[PDB]
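Enquirer: First the structure, then my questions, so here it is.
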RNA sequence: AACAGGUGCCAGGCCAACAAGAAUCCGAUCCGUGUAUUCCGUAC
RNA sequence: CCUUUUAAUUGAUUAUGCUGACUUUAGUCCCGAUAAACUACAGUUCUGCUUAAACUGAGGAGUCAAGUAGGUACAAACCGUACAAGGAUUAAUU
RNA sequence: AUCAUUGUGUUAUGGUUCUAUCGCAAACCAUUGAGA
RNA sequence: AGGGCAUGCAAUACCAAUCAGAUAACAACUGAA
RNA sequence: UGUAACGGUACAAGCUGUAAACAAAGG
RNA sequence: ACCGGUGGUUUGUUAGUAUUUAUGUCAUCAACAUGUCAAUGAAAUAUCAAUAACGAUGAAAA
RNA sequence: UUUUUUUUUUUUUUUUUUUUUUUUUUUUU
RNA sequence: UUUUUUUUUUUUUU
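Chains as they are written, first to last, in our numbering: chain A, 132 to 507; chain B, 226 to 260; chain C, 322 to 428; chain D, -11 to 95; chain E, 24 to 80; chain F, 264 to 342; chain G, 14 to 83; chain H, 434 to 617; chain I, 844 to 903; chain J, 7 to 53.
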C-alpha cells in the first residue's frame, strides 16, 4: 500500500491507543469536543476536493503541506492535555505515540523536500508523460536521494487524480462516499474508472494503469496451462487420479487422508489397516501359517528368509506386483528348501547353513578390522 | 417419411435385428459384458 | 423475515467492511461423531439452519460471479454440504436397523 | 429435477436474491429459483421458513443464449453457454426493500 | 449365471437380494419382493460329492 | 442441418417453436380441465412444508475450534 | 447473427465508399436519456466531457474562470 | 522436480530428515551434507550445500541461497562406525519393529530423533527438519470463535436415546396425513 | 425450399428416423444409433469401495 | 523416391562412424545408433 | 536377446523392504549408464 | 568396415495426374441514388417522403421469422432485457 | 578472366512437413490354499 | 460393498396362433421369408 | 448392457447423480 | 485332477491404435479440418538485481 | 389476449414432455 | 370454433 492509506490508518489507530489512556476526568471533558487525530481522513478528503478545475503539481504540494500542518497541529493538541512531563511522559509512552516520531511523517517531509526542487514549467504540468530518465536522475541528485522516492511522488499524483475523478463522479450522482480506508479499498475493487475510450484507436496515457499493467505482466508469464481445463482441449485422465488439487477444503477431523490431497497417504493407510474381505483374510491366514512354521524352524533358515515372513501388508489390489500392470519390486518370487526329515541329513544341512553364516560374518569382521587398523 | 408411408411401418426395436451384430468402437467383433 | 437473506452478509449496505470481515469468519463443519449423539429434533433444526446459511451464501456466490471474481472464503459451502450429508447418513442408518429387524422376524 | 412429495421434512430447495439490471418497484424483490416450483409452493416456502409477508408471486423462465468460441489465439469453434436455466421469481412484499440490494450500480 | 435367478422366500419367484449392515456389524441378506431375510446356505459336507468324470479322465 | 439439434440448438422448447406446442419443465398437477376451457383448482394436491420451532435454538451452523482439542483429550483417558 | 453462422460475410469482402449514420435516431435516444437524468438532476454530458482530473461543481466551465480573476 | 507415476512409489523409506548422506553423482560430486526435506510423492530429497541457486531478499539487505531438490537414488547413507558409504538393509524383528543394518560393517544404524521432524499441514507426506528455535517455542513458549460457532459445551451434549427414537419413529410414520386442509 | 420446423420434426426427428429402412450401424450425433461404446475402464490404485460399475441390474 | 533420402543418408553416414554420441546429438537416428553400438559390443562377450 | 522400470542419454553389481565395485584410467566446455582393464553374485 | 540374404515393391523433367506451398498477369479491375453547420454577446440550414397520439368505461385490428437483430465507456468484449393483477394510494418522505 | 551499369559468386536472415503413448488376454507354463 | 443414485430410450412376453396401439367379439379378411 | 439430455465441480473430451469427491469411533 | 490367489511366456521387440466435434444436404448420404495435457530447460524447489553500463543462475538466453 | 381441454381430427405419438408416480379409509378439525 | 357451479342425455331454431 502507498503512504496515503497507511499513514492515515496508523495515525487513526494511534489516536485510539492514546485516547484509551485518559482518566475519567480527562475523558468526560474531551467527549464533548473530540480529538483532531481522529478526524484526519475527513480533512484529507475535503481538502482534496477543494480546488476547481485541473490539478497540478503545485496544488498537490499545497495539499500535502496542508496535511502536514494539520498533523503538526494535532500533535500540539495532544500535548496540551497532558501538559506535565514528570511522570506521564514515561507512564504513557508518549515517545511512541507522537505522530512526528512515526516513519510516515519522515516520508511526507521527504516528499515535500523532493517536490521543492521542481522547476516552474514542470510544476505547471498535469501528467508525467514527458519526464525523462535523465531529468529524474537529476532531481534525485539534487534532492540527495534515490529515484524510487522520486517516482513515488508521480505515482501518488496519479493516484490523487484518480481519486478526484471518482469522488467527483460519486458526488454528482449523490451517493455515499467511503468513510475509512477499509471501505475505500473494498469499494475500489469494483467501482474505479481507469480508462477513457477514444476514437480512431487513440492511446490514453495513464501512469497508474501503466505500472499496474507492468506488474501484472511480470507476474503473469510465470504460469502453466497443463492442469488447467480448457474448452476443446483433451484432458489427461490418469493424472487427475493422483495429482493433488489445491482447491478442496481440508478437514482435520477426518482420519483417512483425502485421495485428492494425499494419494500416497491414502494408499498407505488402507494397507496399514487390518484385513477386510474373504481374499484378504485368506491371504492373512496363509501368511500367518508360514510365519509360525518358520518361527518353529528358524535354525534351518537365513536372516533374510525369517525377516521376509514378518512383513505385514493387507488389502492388496488384484495383482499389485505385475510387470505390465503393477508396482515396482526388485525381489520376485523366492522360495527356500525345507530341511530333510532324516536327522543324519538334517545335521549336515544345519552345518552348511552355519558355514554360510560364518562366511558372511568373517567378511564383515575383516572390513571392521581394516577400518580400525587404517585409522592411524 | 410422409403420413401415409409412416402409417404402415413398425419400430426397429420391435424385432430382434438389434441383437444380431457386433459393431462397436473397437471394431466389428463386440463381446458383451460378462460373457 | 425477508431481511435474513442478506443481513450480515457482504450485500448488507448498513455495515462497514470491518464488520463484514468479522462476520465472514467460520469454524469447522459438524462431524458424524457429534451428529450421532443428537436426537431427531436437533438434527431437524440443524438441517434448516444449514439450509438458511446455504441460501445466504449463494447470493454472495452469484454476486461475485457477476463481476467475474472469486467469492471470499469459499470453504463455507463445502462445510455446509458435508454437515447436510452427515445428518442424512445418520438417519438412514437408524432406519436400516429397523428394516433388518423386520426382515428377521418374517424369516 | 426431482418432484416434491406431499410431506417435505428435508427440503433441498435453495433460495437466493438475483441482482437485475432493470428497474424494480419498492415492494418488489427478484429471486432465483429452480424451474420445478409453483406459485403456491414458492409462497408457502417463504411463508413458513422465512415468515415474510407475501402478496403476489410472478414467475419467468430464463434460458441462456448460445455462444461460440471464436476469440483467442487457438479458437475451437465450439458452441457453449454461460450460466444455467432457472426461474426468475418476483415477490411483491408488504414492506419496502432498499434498491442497493436488488438493483445494480456502477460508476 | 445369466440363465438363472434367485427365488423369493415366500413368493417363490425370481427376485433380487441386497445386503444390509446393522449397527453391530451384522450382515443380513434381504429380498426385494417380500422384503424378507434370506435363509442360510447348505453345509458343504452335505453338498460334497465324488467327481467320476475326473476319475475316468 | 438448418433445422434441428446440430448447431448447439439443443432439444426443442416452447420458446423455439410455433404456437401450440405443449411442453413443461416438470411440475405437479393441481386440478383438471373442464369441457369449456376452464380449470378447477384443488388445494388438496398442494404439498405441506414442515418446519420445527427455531425461536430458541442453541445450536449453530459451525463448531468452535476449541471443540477438537476437548474431544481429543477424552480419547487419551480411555488408554 | 451474433453466433456468426449466416452468409453475412460475403458482401463485406468488396470495398465500399461509405455507410449510413442514424444520427436522427441516435440523437433522439440520447436526448431521452439526458432528459431522464435531468429530471433527477444529474448532468451526464458534463461528466462525459470533463478532463480526467478535472473538478467542476455545478454548471461551470472555462467561462466561469473569466470573471473570477481573483 | 515433478510428480512421478504411482508405480514408482517407495513403500518403505531408508532415509529420514536430518540424516547424514553423501551425493553419489552429479555436478556437486564428492560433497557431504545433512538431509532437510524429503518428498515421497516426487521421489526426492533435500541436502544442504547442494544445488544452492535460488536467491531471496531480506529486510537486512543481504541474500541467502536455499538448496534444491535431487533424486533419492543419487545419495548414499554413511556409517558413523567406519565413516564410509555403505548400503542399508531393512530387517523386521519379532516385535514388529524395522531396523537398518549396514552391508559392510554390519552394524545397526539407529533412526534420527523423531521430535526434530516436522510434517506438512495439507500433506503429511512432505517432511521437514525442525529447527532449535521452532522446537523451543513449543517446549517453553507454549483461534477465536466466530459468531456462528457452536459452544464447546453445547456441541458435546448427549441427547440420543434408543427407546425414545424407536417410540417416536413409529408414531411419526403411523400418524401421517394424505391431503392438505390448512392451506387456504 | 421453405423452412418448416413442423415438417422437419414430423419427418426427420428422433421418433421418425426409427421407422426408416436405413443403415443404423452408422454413428449419429443427433440420432439413436445402435453402436456399442465399451464403457468405463479397469481400476488402478484408488479406493475399492468407490468404484462404480452397474446400475439397472442392481437397482432395489 | 526423391532428394530427401539422399540428404538423410548423407547425414546418417556422417554420424554412424563415431563414438560417444548423445541422444540430443543423434537425433532421429538414435535407435539405429544404439542398435549399431550394441551389435558392435557383441564381439567382446566370452563364455 | 539382463527392454524390467527409473535415475539427465545405452546399467547384473544404484533406487526399487532378499545376492553382488561410491572399482581404476581416459573425457572441451559438461553431468556423463561412454572406450580400455579387472573383480564379484547367480537354482534370479 | 568386408561377405551371404532380403515378397522394399526398392529409381522420375512429363499421365491438362492426387495432396500443398509460392511467383507472373498485378499497386491494374472493383467504391450503390444528397448534404451542411456546432461561432468573438439572442433566434428557425437545405432537400426526399408523408397513418407521427401512448387511459378517457373497450389490452393500441392480426399471423410468421429472428433458436432473442434499435440496452450498454466513438467496444464485433464482459454484463443485462419477455411480469396479462401492472405492484409508486409515491398526493408521501427529506 | 566483358562486373562496363540492371549480372554473376559467397555468406547471412526469413519461409518451411511436425512422431513426448494414458496400453498390453480369453491361450500356455510354474507355484500355492481347502476339500475328495 | 457402509449410504445415496431426478428424467428419456414408447415394454403384461421369466411367455405363446397371425394381422394396428395402451396387442383387436365371430364373419367380412387376403399371406413364399 | 451401451448411449443422449439437465444440474454440480474450476462450465470441462475428466469426475459426478441435489446425500452431486466419502461413513472408517456401536462396548 | 475341478475351484480360489500369485508370478512368468506367447500373441507383439518383426504388427499396430479406434471413443470428443467445426463445416456440406430436405433426406438418404459423405468426410483423416485445425502440432502436444505442455513457454524453454535434466532441474523453474535456479525465471535473481535494475536506470544506462557492468552484474546473478544455467552447457547454451536479452 | 393466447396456449391447455370437447368437436372438427389423426398412437398422420415432435425423445429426455403432461390434469398421467399403484387406481380413495381420505383421520373430515 | 364451445365464455364463468361440474357430468349424462332428447326435439326445434337467426
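For every residue, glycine included, the Cβ atom is placed at its ideal position computed from N, Cα and C.
Enumerated in chain order, which unbroken segments of the alpha helix (DSSP H) with a length of 4 residues or greater are wholly contained in the segment 261 to 300 of chain A?
Expert: Within the segment 261 to 300 of chain A, the complete alpha helix (DSSP H) runs of at least 4 residues are 264 to 274.
Enquirer: Which value, in whole angstroms, describes the spacing of the CA atoms of residue 97 of chain D and residue 602 of chain H?
Expert: With chain D covering only -11 through 95, there is no way to say anything about residue 97 of chain D.
Enquirer: I'd like to confirm the pairing. Which residues does DSSP put opposite residue 503 of chain H in its beta bridges?
Expert: On the eighth chain, residue 503 of chain H is found 70 positions in, with the first residue counted as 1. Note: residue 503 of chain H sits in a beta bridge opposite H/478.
Enquirer: Would you mind giving the Cβ-Cβ distance between residue 377 of chain A and residue 431 of chain A, rounded to the nearest angstrom? I have them listed as a contact below 8 Å.
Expert: Looking up residue 377 of chain A in the first chain gives position 246. Looking up residue 431 of chain A in the first chain gives position 300. That pair is no contact at about 55 Å.
Enquirer: By the three-class DSSP mapping on this structure, what secondary structure does residue 325 of chain F have?
Expert: Position 62 of the sixth chain, counting from 1, holds the residue named residue 325 of chain F. Residue 325 of chain F falls in the strand class under three-state DSSP.
Enquirer: Between A/166, A/335, A/498, which has its C-alpha nearest residue 147 of chain A's C-alpha?
Expert: As a first step, residue 147 of chain A is located in the first chain; it is residue number 16 there, counting from the start. When only C-alpha atoms are compared, the closest one is A/166.
Enquirer: Give every residue of the same chain whose Cβ lies closer than 7 Å to the Cβ of residue 191 of chain A, excluding the five residues on either side of it in the sequence, and list them in chain order.
Expert: Residue mapping note: residue 191 of chain A aligns to position 60 of the first chain, counting from 1. So the qualifying residues of the chain are 288, 291.
Enquirer: Please list the terminal residues of the continuous beta strand (DSSP E) segment that includes residue 551 of chain H.
Expert: Residue mapping note: residue 551 of chain H aligns to position 118 of the eighth chain, counting from 1. Start and end: 550 to 552.
Enquirer: In terms of alpha-carbon separation, which member of H/500, H/479, H/525 lies closest to residue 488 of chain H?
Expert: In the eighth chain, counting from the first residue as 1, residue 488 of chain H sits at position 55. Among H/500, H/479, H/525, the Cα nearest to that of residue 488 of chain H is on H/500.
Enquirer: Kindly provide the ranges of any alpha helix (DSSP H) runs that are 4 or more residues long and lie completely inside the segment 337 to 380 of chain A, ordered along the chain.
Expert: Within the segment 337 to 380 of chain A, the complete alpha helix (DSSP H) runs of at least 4 residues are 338 to 351.
Enquirer: So residue 317 of chain A packs on residue 308 of chain A, CB below 8 Å; how close in whole Å?
Expert: Position 186 of the first chain holds residue 317 of chain A. Position 177 of the first chain holds residue 308 of chain A. About 13 Å; that fails the 8 Å criterion.
Enquirer: Using the beta-carbon count (16 or more within 10 Å), is residue 392 of chain A buried or exposed?
Expert: By 1-based counting over the first chain, the position of residue 392 of chain A is 261. Buried, since its Cβ has 16 or more Cβ neighbours within 10 Å.
Enquirer: Taking the alpha-carbon positions, what's the residue 307 of chain F to residue 347 of chain C distance?
Expert: As a first step, residue 307 of chain F must be located in the sixth chain, where it is residue number 44. As a first step, residue 347 of chain C must be located in the third chain, where it is residue number 26. Each residue's Cα considered, the two are about 43 Å apart.
Enquirer: Where does residue 315 of chain F fall in DSSP's three states?
Expert: For the purposes of this step, residue 315 of chain F is identified with residue 52 of the sixth chain, where counting begins at 1. In the structure shown, residue 315 of chain F sits in coil (DSSP, three-state: anything other than H, G, I, E or B).
Enquirer: Counting C-beta neighbours from all protein chains within 10 Å, is the total for residue 7 of chain J 16 or more, i.e. buried, or is it exposed?
Expert: Working through the tenth chain from its first residue, we reach residue 7 of chain J at position 1. Answer is exposed; the Cβ neighbour count stays below 16.
Enquirer: Consider the Cβ of residue 888 of chain I: report whether some Cβ of chain A lies at a distance smaller than 9 Å.
Expert: In the ninth chain, counting from the first residue as 1, residue 888 of chain I sits at position 45. True, the Cβ-Cβ gap to chain A drops below 9 Å.
Enquirer: By a C-beta neighbour count over all protein chains shown, 10 Å radius and 16 as the cutoff for buried, is residue 380 of chain C buried or exposed?
Expert: Translated into the one-based positions of the third chain, residue 380 of chain C becomes position 59. Buried, because 16 or more other Cβ atoms sit within 10 Å of the Cβ of residue 380 of chain C.
Enquirer: Note down, in chain order, each residue of its chain lying with its Cβ closer than 6 Å to the Cβ of residue 239 of chain A, except the 5 sequence neighbours on either side.
Expert: What you label residue 239 of chain A is simply residue 108 of the first chain in a count that begins at 1. Excluding positions up to five away in sequence, the list reads 199.
Enquirer: Helix or strand or just coil, what does DSSP make of residue 327 of chain A?
Expert: Counted from its first residue, the first chain places residue 327 of chain A at position 196. If DSSP states are grouped into helix, strand and coil, residue 327 of chain A belongs with coil.
Enquirer: Apply the 10 Å Cβ neighbour rule to residue 556 of chain H and answer buried if 16 or more other Cβ atoms are within range, or exposed otherwise.
Expert: Within the eighth chain, numbered from 1, the residue matching residue 556 of chain H stands at position 123. By the neighbour-count rule (16 or more Cβ atoms within 10 Å), residue 556 of chain H is buried.
Enquirer: Note down, in chain order, every chain B residue with its Cβ under 7 Å from the Cβ of residue 885 of chain I.
Expert: To locate residue 885 of chain I, count along the ninth chain from 1; it is residue 42. Ordered by position in chain B, no residue passes the 7 Å Cβ test against residue 885 of chain I, which lies about 13 Å from the chain.
Enquirer: Name the one or two DSSP bridge partners that residue 50 of chain E has.
Expert: Within the fifth chain, numbered from 1, the residue matching residue 50 of chain E stands at position 27. Looking at the DSSP assignment, residue 50 of chain E forms a beta bridge with E/44.
Enquirer: Would residue 1 of chain D and residue 25 of chain D qualify as a contact pair, given that the criterion is a beta-carbon distance under 9 Å?
Expert: The count along the fourth chain starts at 1 and reaches residue 1 of chain D at position 13. The count along the fourth chain starts at 1 and reaches residue 25 of chain D at position 37. Contact flag set, yes.
Enquirer: Which residue's Cα is closest to the Cα of residue 345 of chain C: C/411, C/366, C/427, C/398?
Expert: The residue given as residue 345 of chain C occupies position 24 in the third chain. Ranking C/411, C/366, C/427, C/398 by Cα distance to residue 345 of chain C puts C/398 first.
Enquirer: Work out the CA separation of residue 88 of chain D and residue 392 of chain C for me, nearest whole Å.
Expert: Position 71 of the third chain, counted from the first residue, corresponds to residue 392 of chain C. Position 100 of the fourth chain, counted from the first residue, corresponds to residue 88 of chain D. For residue 392 of chain C and residue 88 of chain D, the distance between alpha carbons rounds to 19 Å.
Enquirer: By how many angstroms is the C-alpha of residue 251 of chain A removed from the C-alpha of residue 231 of chain A?
Expert: Taking the first residue of the first chain as position 1, residue 231 of chain A is located at position 100. Taking the first residue of the first chain as position 1, residue 251 of chain A is located at position 120. Looking at the two C-alpha atoms, the distance is approximately 30 Å.
Enquirer: Apart from the five residues just before and just after residue 39 of chain J, which ones in its own chain have a Cβ nearer than 8 Å to its Cβ?
Expert: Locating residue 39 of chain J in the tenth chain gives position 33, counting from the first residue. So the list reads 21, 22, 27, 32, once near-sequence residues are dropped.
Enquirer: Looking only at DSSP bridge pairs, what is residue 473 of chain H linked to?
Expert: Working through the eighth chain from its first residue, we reach residue 473 of chain H at position 40. Bridge partners of residue 473 of chain H: none, in fact.
Enquirer: On the three-state DSSP scale, how would you describe residue 593 of chain H?
Expert: Position 160 of the eighth chain holds residue 593 of chain H. Here residue 593 of chain H sits in coil by DSSP.
Enquirer: At a Cβ threshold of 9 Å, is residue 275 of chain F touching chain D?
Expert: The residue labelled residue 275 of chain F in the question sits at position 12 within the sixth chain. It does not; no Cβ of chain D falls within 9 Å.
Enquirer: At least one CB of chain A closer than 9 Å to the CB of residue 16 of chain D: is that the case?
Expert: Counted from its first residue, the fourth chain places residue 16 of chain D at position 28. Residue 16 of chain D does not count as touching chain A.
Enquirer: Below 8 Å on the Cβ atoms is my guess for residue 313 of chain A versus residue 329 of chain C; work out the distance and round it to an integer in Å.
Expert: In the first chain, counting from the first residue as 1, residue 313 of chain A sits at position 182. In the third chain, counting from the first residue as 1, residue 329 of chain C sits at position 8. Contact flag wrong, Cβ pair sits at about 17 Å.
Enquirer: Within 9 Å (strictly less), CB to CB, does residue 900 of chain I reach chain F?
Expert: Start at 1 with the first residue of the ninth chain, and residue 900 of chain I comes out as number 57. No, its Cβ sits nowhere closer than 9 Å to a Cβ of chain F.
Enquirer: Who are the Cβ neighbours of residue 31 of chain E in its own chain at under 7 Å, not counting the five residues just before and after it?
Expert: As a first step, residue 31 of chain E must be located in the fifth chain, where it is residue number 8. Counting only Cβ-Cβ distances below 7 Å, and skipping sequence neighbours, we find 38, 54, 56, 57.
Enquirer: Along the chain, where does the alpha helix (DSSP H) that runs through residue 312 of chain A open and close?
Expert: What you label residue 312 of chain A is simply residue 181 of the first chain in a count that begins at 1. That run of the alpha helix (DSSP H) goes 312 to 319.
Enquirer: Bridge partners of residue 23 of chain J, per DSSP?
Expert: Reading the tenth chain from its first residue, position 17 is the one you call residue 23 of chain J. In the DSSP output, where bridge partners are listed per residue, residue 23 of chain J has none listed.
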